[PDB]
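Peer 1: Structure: query_25.cif, mmCIF, N, CA and C atoms.
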data_protein
#
loop_
_atom_site.label_atom_id
_atom_site.label_comp_id
_atom_site.auth_asym_id
_atom_site.auth_seq_id
_atom_site.Cartn_x
_atom_site.Cartn_y
_atom_site.Cartn_z
N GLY A 1 0.81 -1.21 0.00
CA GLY A 1 0.00 0.00 0.00
C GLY A 1 0.84 1.26 0.00
N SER A 2 0.21 2.39 -0.28
CA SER A 2 0.91 3.67 -0.32
C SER A 2 0.01 4.80 0.18
N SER A 3 0.49 5.53 1.18
CA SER A 3 -0.27 6.63 1.75
C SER A 3 0.28 7.98 1.27
N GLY A 4 -0.58 8.75 0.61
CA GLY A 4 -0.17 10.05 0.11
C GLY A 4 -1.35 10.96 -0.19
N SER A 5 -2.16 11.22 0.83
CA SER A 5 -3.33 12.08 0.67
C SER A 5 -2.93 13.55 0.67
N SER A 6 -3.69 14.36 -0.06
CA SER A 6 -3.41 15.79 -0.16
C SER A 6 -4.54 16.60 0.49
N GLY A 7 -4.17 17.42 1.47
CA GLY A 7 -5.16 18.24 2.15
C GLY A 7 -6.29 17.42 2.74
N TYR A 8 -5.93 16.30 3.37
CA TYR A 8 -6.92 15.42 3.98
C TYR A 8 -7.88 16.21 4.86
N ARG A 9 -7.33 17.15 5.62
CA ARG A 9 -8.14 17.98 6.51
C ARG A 9 -9.27 18.66 5.74
N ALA A 10 -8.90 19.44 4.73
CA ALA A 10 -9.89 20.15 3.92
C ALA A 10 -10.81 19.17 3.19
N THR A 11 -10.22 18.12 2.64
CA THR A 11 -10.99 17.11 1.92
C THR A 11 -12.07 16.49 2.81
N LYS A 12 -11.69 16.17 4.04
CA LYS A 12 -12.62 15.58 5.00
C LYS A 12 -13.87 16.45 5.15
N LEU A 13 -13.66 17.71 5.50
CA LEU A 13 -14.77 18.64 5.68
C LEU A 13 -15.72 18.60 4.49
N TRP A 14 -15.19 18.91 3.31
CA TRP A 14 -15.99 18.91 2.09
C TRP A 14 -16.83 17.64 1.99
N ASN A 15 -16.17 16.49 2.13
CA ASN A 15 -16.85 15.20 2.05
C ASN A 15 -17.96 15.12 3.09
N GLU A 16 -17.64 15.48 4.33
CA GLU A 16 -18.61 15.45 5.42
C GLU A 16 -19.86 16.24 5.06
N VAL A 17 -19.67 17.52 4.73
CA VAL A 17 -20.78 18.39 4.36
C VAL A 17 -21.54 17.83 3.17
N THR A 18 -20.84 17.63 2.06
CA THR A 18 -21.46 17.10 0.85
C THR A 18 -22.26 15.84 1.14
N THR A 19 -21.73 15.00 2.03
CA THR A 19 -22.39 13.76 2.40
C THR A 19 -23.72 14.04 3.11
N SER A 20 -23.71 15.01 4.01
CA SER A 20 -24.90 15.37 4.76
C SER A 20 -25.92 16.06 3.86
N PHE A 21 -25.44 16.96 3.01
CA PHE A 21 -26.30 17.69 2.09
C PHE A 21 -26.96 16.74 1.09
N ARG A 22 -26.13 16.01 0.36
CA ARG A 22 -26.63 15.07 -0.64
C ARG A 22 -27.83 14.30 -0.10
N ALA A 23 -27.68 13.71 1.08
CA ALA A 23 -28.75 12.95 1.70
C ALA A 23 -29.79 13.87 2.32
N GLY A 24 -29.38 14.63 3.33
CA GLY A 24 -30.29 15.55 3.99
C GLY A 24 -31.71 15.02 4.03
N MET A 25 -32.60 15.64 3.26
CA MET A 25 -34.00 15.23 3.22
C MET A 25 -34.33 14.60 1.87
N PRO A 26 -35.35 13.73 1.86
CA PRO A 26 -35.80 13.04 0.64
C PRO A 26 -36.47 13.99 -0.35
N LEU A 27 -37.44 14.76 0.14
CA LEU A 27 -38.16 15.71 -0.70
C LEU A 27 -38.84 16.78 0.15
N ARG A 28 -39.11 17.93 -0.46
CA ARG A 28 -39.76 19.03 0.24
C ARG A 28 -40.95 19.55 -0.56
N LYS A 29 -42.00 19.95 0.16
CA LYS A 29 -43.20 20.47 -0.48
C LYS A 29 -43.08 21.97 -0.75
N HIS A 30 -42.92 22.32 -2.03
CA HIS A 30 -42.78 23.71 -2.42
C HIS A 30 -43.96 24.14 -3.30
N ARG A 31 -44.27 25.43 -3.27
CA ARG A 31 -45.37 25.97 -4.06
C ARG A 31 -45.14 25.74 -5.55
N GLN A 32 -46.12 25.15 -6.21
CA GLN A 32 -46.02 24.87 -7.64
C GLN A 32 -47.40 24.78 -8.28
N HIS A 33 -47.68 25.67 -9.22
CA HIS A 33 -48.96 25.69 -9.91
C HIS A 33 -48.99 24.67 -11.04
N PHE A 34 -47.89 24.60 -11.79
CA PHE A 34 -47.78 23.67 -12.91
C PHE A 34 -47.34 22.29 -12.43
N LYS A 35 -47.35 21.32 -13.34
CA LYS A 35 -46.96 19.96 -13.01
C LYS A 35 -45.58 19.63 -13.59
N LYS A 36 -45.12 20.48 -14.50
CA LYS A 36 -43.81 20.29 -15.12
C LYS A 36 -42.79 19.80 -14.10
N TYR A 37 -42.78 20.44 -12.94
CA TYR A 37 -41.85 20.07 -11.88
C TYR A 37 -42.59 19.69 -10.60
N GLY A 38 -41.87 19.08 -9.66
CA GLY A 38 -42.48 18.67 -8.41
C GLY A 38 -41.48 18.06 -7.45
N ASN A 39 -40.57 17.25 -7.98
CA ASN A 39 -39.55 16.61 -7.16
C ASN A 39 -38.33 17.51 -6.99
N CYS A 40 -38.42 18.72 -7.53
CA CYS A 40 -37.32 19.68 -7.45
C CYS A 40 -37.51 20.61 -6.26
N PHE A 41 -36.51 21.45 -6.01
CA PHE A 41 -36.56 22.40 -4.90
C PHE A 41 -35.87 23.71 -5.27
N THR A 42 -36.45 24.82 -4.83
CA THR A 42 -35.90 26.14 -5.11
C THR A 42 -34.59 26.36 -4.35
N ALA A 43 -33.62 26.97 -5.02
CA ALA A 43 -32.33 27.24 -4.41
C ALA A 43 -32.49 27.82 -3.01
N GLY A 44 -33.35 28.83 -2.89
CA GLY A 44 -33.59 29.46 -1.61
C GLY A 44 -33.67 28.45 -0.48
N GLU A 45 -34.71 27.63 -0.50
CA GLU A 45 -34.91 26.62 0.54
C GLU A 45 -33.58 25.94 0.89
N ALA A 46 -32.83 25.55 -0.13
CA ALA A 46 -31.55 24.89 0.07
C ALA A 46 -30.62 25.76 0.92
N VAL A 47 -30.58 27.05 0.62
CA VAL A 47 -29.73 27.98 1.35
C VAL A 47 -29.82 27.74 2.85
N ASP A 48 -31.05 27.54 3.34
CA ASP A 48 -31.27 27.30 4.76
C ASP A 48 -30.80 25.91 5.16
N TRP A 49 -31.31 24.90 4.47
CA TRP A 49 -30.93 23.52 4.75
C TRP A 49 -29.42 23.38 4.88
N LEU A 50 -28.69 24.02 3.97
CA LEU A 50 -27.24 23.97 3.98
C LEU A 50 -26.66 24.91 5.03
N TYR A 51 -27.11 26.16 5.00
CA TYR A 51 -26.64 27.17 5.95
C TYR A 51 -26.67 26.62 7.37
N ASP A 52 -27.85 26.21 7.82
CA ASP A 52 -28.01 25.67 9.16
C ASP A 52 -27.04 24.50 9.40
N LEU A 53 -26.89 23.66 8.38
CA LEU A 53 -26.00 22.50 8.48
C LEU A 53 -24.55 22.95 8.66
N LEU A 54 -24.20 24.07 8.04
CA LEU A 54 -22.85 24.60 8.13
C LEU A 54 -22.57 25.14 9.53
N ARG A 55 -23.38 26.10 9.96
CA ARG A 55 -23.23 26.69 11.28
C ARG A 55 -23.21 25.62 12.37
N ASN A 56 -24.09 24.64 12.24
CA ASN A 56 -24.18 23.56 13.21
C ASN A 56 -22.79 23.00 13.53
N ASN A 57 -21.96 22.89 12.50
CA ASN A 57 -20.60 22.38 12.67
C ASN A 57 -19.75 23.34 13.50
N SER A 58 -18.51 22.94 13.76
CA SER A 58 -17.60 23.77 14.55
C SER A 58 -16.68 24.58 13.63
N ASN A 59 -16.25 23.96 12.54
CA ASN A 59 -15.37 24.62 11.59
C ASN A 59 -15.96 25.95 11.13
N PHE A 60 -17.20 25.91 10.65
CA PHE A 60 -17.88 27.11 10.18
C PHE A 60 -18.46 27.90 11.35
N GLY A 61 -19.03 27.19 12.32
CA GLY A 61 -19.61 27.84 13.47
C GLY A 61 -20.75 28.78 13.11
N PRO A 62 -21.37 29.38 14.12
CA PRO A 62 -22.49 30.31 13.93
C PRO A 62 -22.05 31.62 13.28
N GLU A 63 -20.74 31.79 13.13
CA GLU A 63 -20.19 33.00 12.52
C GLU A 63 -20.59 33.10 11.05
N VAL A 64 -20.77 31.95 10.41
CA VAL A 64 -21.15 31.90 9.01
C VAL A 64 -22.52 32.53 8.79
N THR A 65 -22.61 33.42 7.81
CA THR A 65 -23.87 34.09 7.50
C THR A 65 -24.44 33.60 6.17
N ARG A 66 -25.71 33.89 5.93
CA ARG A 66 -26.38 33.48 4.71
C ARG A 66 -25.49 33.75 3.49
N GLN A 67 -24.98 34.97 3.40
CA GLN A 67 -24.11 35.35 2.29
C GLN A 67 -23.09 34.27 2.00
N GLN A 68 -22.42 33.79 3.04
CA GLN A 68 -21.41 32.75 2.90
C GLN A 68 -22.00 31.51 2.25
N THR A 69 -23.21 31.15 2.66
CA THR A 69 -23.89 29.98 2.11
C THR A 69 -23.97 30.04 0.59
N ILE A 70 -24.50 31.15 0.08
CA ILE A 70 -24.63 31.33 -1.36
C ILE A 70 -23.27 31.22 -2.05
N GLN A 71 -22.25 31.83 -1.46
CA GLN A 71 -20.91 31.79 -2.02
C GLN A 71 -20.40 30.36 -2.12
N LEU A 72 -20.55 29.61 -1.03
CA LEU A 72 -20.10 28.22 -1.00
C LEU A 72 -20.89 27.37 -1.99
N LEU A 73 -22.21 27.51 -1.96
CA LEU A 73 -23.08 26.75 -2.86
C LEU A 73 -22.52 26.75 -4.28
N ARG A 74 -22.05 27.90 -4.72
CA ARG A 74 -21.49 28.03 -6.06
C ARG A 74 -20.53 26.88 -6.36
N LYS A 75 -19.76 26.48 -5.35
CA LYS A 75 -18.81 25.39 -5.50
C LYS A 75 -19.52 24.06 -5.72
N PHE A 76 -20.59 23.84 -4.97
CA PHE A 76 -21.37 22.61 -5.08
C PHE A 76 -21.75 22.34 -6.53
N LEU A 77 -22.40 23.32 -7.15
CA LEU A 77 -22.83 23.19 -8.54
C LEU A 77 -21.64 22.94 -9.46
N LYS A 78 -20.52 23.60 -9.17
CA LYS A 78 -19.31 23.45 -9.96
C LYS A 78 -18.74 22.04 -9.82
N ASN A 79 -18.79 21.51 -8.61
CA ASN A 79 -18.28 20.17 -8.35
C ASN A 79 -19.26 19.11 -8.82
N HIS A 80 -20.30 19.55 -9.52
CA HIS A 80 -21.32 18.63 -10.04
C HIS A 80 -22.11 18.00 -8.90
N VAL A 81 -22.27 18.75 -7.81
CA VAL A 81 -23.01 18.26 -6.65
C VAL A 81 -24.52 18.38 -6.87
N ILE A 82 -24.93 19.43 -7.57
CA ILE A 82 -26.34 19.66 -7.84
C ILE A 82 -26.54 20.20 -9.25
N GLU A 83 -27.36 19.50 -10.04
CA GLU A 83 -27.64 19.92 -11.41
C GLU A 83 -28.98 20.64 -11.50
N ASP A 84 -29.05 21.65 -12.36
CA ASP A 84 -30.27 22.42 -12.54
C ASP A 84 -31.42 21.53 -13.00
N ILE A 85 -32.63 22.07 -13.00
CA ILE A 85 -33.80 21.32 -13.42
C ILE A 85 -33.70 20.91 -14.88
N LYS A 86 -33.20 21.82 -15.72
CA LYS A 86 -33.04 21.55 -17.14
C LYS A 86 -31.89 20.58 -17.38
N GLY A 87 -30.75 20.85 -16.77
CA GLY A 87 -29.59 19.99 -16.93
C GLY A 87 -28.31 20.78 -17.18
N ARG A 88 -28.19 21.93 -16.53
CA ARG A 88 -27.01 22.77 -16.69
C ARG A 88 -26.09 22.65 -15.48
N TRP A 89 -24.91 22.09 -15.71
CA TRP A 89 -23.93 21.91 -14.64
C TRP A 89 -22.56 22.45 -15.05
N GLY A 90 -21.80 22.93 -14.07
CA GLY A 90 -20.48 23.46 -14.36
C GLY A 90 -20.46 24.98 -14.32
N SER A 91 -20.97 25.56 -13.24
CA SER A 91 -21.01 27.01 -13.09
C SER A 91 -20.90 27.40 -11.62
N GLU A 92 -20.47 28.64 -11.38
CA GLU A 92 -20.32 29.14 -10.02
C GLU A 92 -21.33 30.24 -9.73
N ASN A 93 -22.37 30.31 -10.57
CA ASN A 93 -23.41 31.32 -10.40
C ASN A 93 -24.72 30.68 -9.96
N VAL A 94 -25.08 30.89 -8.69
CA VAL A 94 -26.31 30.33 -8.15
C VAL A 94 -27.01 31.33 -7.24
N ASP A 95 -28.23 31.70 -7.60
CA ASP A 95 -29.01 32.65 -6.81
C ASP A 95 -29.83 31.93 -5.74
N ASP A 96 -30.24 32.67 -4.72
CA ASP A 96 -31.03 32.11 -3.63
C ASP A 96 -32.44 32.69 -3.62
N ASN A 97 -32.82 33.31 -4.73
CA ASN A 97 -34.15 33.91 -4.85
C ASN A 97 -35.17 32.88 -5.32
N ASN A 98 -35.03 32.44 -6.56
CA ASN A 98 -35.94 31.45 -7.13
C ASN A 98 -35.27 30.69 -8.27
N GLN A 99 -34.95 29.42 -8.02
CA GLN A 99 -34.30 28.59 -9.03
C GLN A 99 -34.52 27.11 -8.73
N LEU A 100 -35.15 26.41 -9.67
CA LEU A 100 -35.42 24.98 -9.51
C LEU A 100 -34.18 24.15 -9.82
N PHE A 101 -33.81 23.28 -8.89
CA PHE A 101 -32.64 22.42 -9.08
C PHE A 101 -33.03 20.95 -9.00
N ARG A 102 -32.05 20.07 -9.23
CA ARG A 102 -32.29 18.63 -9.19
C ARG A 102 -30.98 17.87 -9.06
N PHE A 103 -31.08 16.60 -8.66
CA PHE A 103 -29.90 15.76 -8.49
C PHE A 103 -29.50 15.11 -9.81
N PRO A 104 -28.19 15.14 -10.11
CA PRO A 104 -27.65 14.55 -11.34
C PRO A 104 -27.73 13.03 -11.35
N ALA A 105 -27.16 12.42 -12.38
CA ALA A 105 -27.17 10.97 -12.50
C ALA A 105 -25.85 10.46 -13.08
#
Would you mind writing the structure in this file as structure tokens?
Peer 2:
Amino acid sequence: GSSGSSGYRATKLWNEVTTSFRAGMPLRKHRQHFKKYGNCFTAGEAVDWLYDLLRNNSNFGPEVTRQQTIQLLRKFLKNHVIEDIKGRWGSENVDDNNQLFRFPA
């Protein structure tokens, strides 16, 4: 065997969070008039689910503010953690106002 991990500390955190987020909740009931979508969720809602999850930890602590959440989220989409409803992945631009997202495959 051979041991040679890089930034294990940082890597661990990311994995931990991503692991909790990915699973988090199965589905959420959001306002929707049309049927086109339903199993998706607006970015906003996520901001909280993730934000709270971040502060809960010690690394981020309660010092982390909503703003930080949106900034970090940008990385998630870039890392292919969350794909848009249509199927657009690979960007660092994510709003917390109104945007339908979905899990990739």
Peer 1: Could you state which residues are captured by the PyMOL selection byres (((chain A and resi 96 and name CA) around 8) and name CA) in this file, as number ranges by chain?
Peer 2: A: 42-45, 47, 70, 94-95, 97-99
Peer 1: How would the residues just picked look written out with N, CA and C atoms as a short mmCIF file (atom, residue, chain, number, x, y, z; two decimals), in the coordinates of the input?
Peer 2:
data_model
loop_
_atom_site.label_atom_id
_atom_site.label_comp_id
_atom_site.auth_asym_id
_atom_site.auth_seq_id
_atom_site.Cartn_x
_atom_site.Cartn_y
_atom_site.Cartn_z
N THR A 42 -36.45 24.82 -4.83
CA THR A 42 -35.90 26.14 -5.11
C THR A 42 -34.59 26.36 -4.35
N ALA A 43 -33.62 26.97 -5.02
CA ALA A 43 -32.33 27.24 -4.41
C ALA A 43 -32.49 27.82 -3.01
N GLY A 44 -33.35 28.83 -2.89
CA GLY A 44 -33.59 29.46 -1.61
C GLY A 44 -33.67 28.45 -0.48
N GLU A 45 -34.71 27.63 -0.50
CA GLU A 45 -34.91 26.62 0.54
C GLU A 45 -33.58 25.94 0.89
N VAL A 47 -30.58 27.05 0.62
CA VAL A 47 -29.73 27.98 1.35
C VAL A 47 -29.82 27.74 2.85
N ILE A 70 -24.50 31.15 0.08
CA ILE A 70 -24.63 31.33 -1.36
C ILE A 70 -23.27 31.22 -2.05
N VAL A 94 -25.08 30.89 -8.69
CA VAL A 94 -26.31 30.33 -8.15
C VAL A 94 -27.01 31.33 -7.24
N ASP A 95 -28.23 31.70 -7.60
CA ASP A 95 -29.01 32.65 -6.81
C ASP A 95 -29.83 31.93 -5.74
N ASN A 97 -32.82 33.31 -4.73
CA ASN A 97 -34.15 33.91 -4.85
C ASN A 97 -35.17 32.88 -5.32
N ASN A 98 -35.03 32.44 -6.56
CA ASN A 98 -35.94 31.45 -7.13
C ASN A 98 -35.27 30.69 -8.27
N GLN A 99 -34.95 29.42 -8.02
CA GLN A 99 -34.30 28.59 -9.03
C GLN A 99 -34.52 27.11 -8.73
#
Peer 1: By how many Å are atom CA of residue 93 of chain A and atom N of residue 80 of chain A apart?
Peer 2: 12.2 Å
Peer 1: Have a look at atom N of residue 22 of chain A and atom CA of residue 35 of chain A and let me know their distance in Å, one decimal.
Peer 2: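 Pair atom N of residue 22 of chain A / atom CA of residue 35 of chain A returns 25.1 Å.
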Peer 1: When the PyMOL selection byres ((chain A and resi 104) around 6) is applied to the structure above, which residues does it catch, written out as a PDB file with N, CA and C atoms, keeping the file's coordinate frame?
Peer 2:
ATOM      1  N   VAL A  81     -22.270  18.750  -7.810  1.00  0.00           N
ATOM      2  CA  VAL A  81     -23.010  18.260  -6.650  1.00  0.00           C
ATOM      3  C   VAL A  81     -24.520  18.380  -6.870  1.00  0.00           C
ATOM      4  N   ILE A  82     -24.930  19.430  -7.570  1.00  0.00           N
ATOM      5  CA  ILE A  82     -26.340  19.660  -7.840  1.00  0.00           C
ATOM      6  C   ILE A  82     -26.540  20.200  -9.250  1.00  0.00           C
ATOM      7  N   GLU A  83     -27.360  19.500 -10.040  1.00  0.00           N
ATOM      8  CA  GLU A  83     -27.640  19.920 -11.410  1.00  0.00           C
ATOM      9  C   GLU A  83     -28.980  20.640 -11.500  1.00  0.00           C
ATOM     10  N   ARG A 102     -32.050  20.070  -9.230  1.00  0.00           N
ATOM     11  CA  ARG A 102     -32.290  18.630  -9.190  1.00  0.00           C
ATOM     12  C   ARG A 102     -30.980  17.870  -9.060  1.00  0.00           C
ATOM     13  N   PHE A 103     -31.080  16.600  -8.660  1.00  0.00           N
ATOM     14  CA  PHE A 103     -29.900  15.760  -8.490  1.00  0.00           C
ATOM     15  C   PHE A 103     -29.500  15.110  -9.810  1.00  0.00           C
ATOM     16  N   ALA A 105     -27.160  12.420 -12.380  1.00  0.00           N
ATOM     17  CA  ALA A 105     -27.170  10.970 -12.500  1.00  0.00           C
ATOM     18  C   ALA A 105     -25.850  10.460 -13.080  1.00  0.00           C
TER      19      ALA A 105
END
Peer 1: What does the distance between atom CA of residue 19 of chain A and atom N of residue 3 of chain A come to in Å, to one decimal place?
Peer 2: 24.3 Å
Peer 1: With 3 Å added on each side, what axis-aligned box encloses every listed atom of segment 78-82 of chain A? Give the centre and edge lengths in Å to one decimal, as AutoDock Vina command-line options.
Peer 2:
--center_x -22.4 --center_y 20.8 --center_z -8.3 --size_x 14.3 --size_y 11.6 --size_z 9.4
Peer 1: Nearest to residue 57 of chain A: which of A:32, A:75, A:6, A:20 is it, counting only C-alpha atoms?
Peer 2: A:20
Peer 1: For a cutoff of 8 Å around the file-coordinate point (-26.5, 27.2, 10.6), which residues qualify once you count only N, CA and C atoms? I'd like the result as a PyMOL selection string.
Peer 2: chain A and resi 48-57+61-65
Peer 1: Tell me which of A:17, A:100, A:77, A:23 sits closest to residue 39 of chain A, counting only C-alpha atoms.
Peer 2: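 Under the stated criterion, the closest residue is A:100.
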Peer 1: Name the closest residue to residue 79 of chain A among the candidates A:92, A:7, A:67, A:26; distances are taken between atoms, counting all atoms listed in the file.
Peer 2: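 Comparing A:92, A:7, A:67, A:26 against residue 79 of chain A, the winner is A:92.
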Peer 1: Using DSSP on the backbone, list every residue of chain A that comes out as helix (DSSP H, G or I), and give them as a VMD selection string.
Peer 2: chain A and resid 8 to 23 43 to 56 66 to 78
Peer 1: DSSP on the backbone, strand (DSSP E or B) only: what residues of chain A does that give? Format it as a list in words.
Peer 2: residues 41, 42, 83, 84, 100, 101 and 102 of chain A
